[PDB]
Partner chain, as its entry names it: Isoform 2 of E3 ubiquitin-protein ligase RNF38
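Presented as structure tokens, the chain that follows is alone, the form deposited without its partner chain.
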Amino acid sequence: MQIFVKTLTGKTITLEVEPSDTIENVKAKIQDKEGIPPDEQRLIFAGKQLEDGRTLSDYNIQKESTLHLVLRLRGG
């Protein structure tokens, strides 16, 4: 199924996902498209920060849901 991820600057990222995917799998898909390491990604649905080990099903994230991506870089 398709979900959408909106970036801070308002670009859309379309993903193909399954309800059974973990948030970590979603971040891996975002890394495939945008090159962002997962540790530096935060995903938000309906105001909730999504935990990497939980599933899309855990959050009732259905087809055509929009998630918001926020980046938090490592210190260096």
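Residue numbers count along the first chain shown, from 1.
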For this session: Could you check which stretch, 57 to 65 or 6 to 14, carries the larger mean CA temperature factor in the entry?
Result: 6 to 14
Exercise. Do the CA atoms of 24 to 32 or those of 43 to 51 have the higher mean B-factor in the entry?
Worked result: 43 to 51
Exercise. Going by what the PDB entry lists, where does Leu73 fall on CA B-factor within its chain: lowest, middle or highest third?
Worked result: lowest
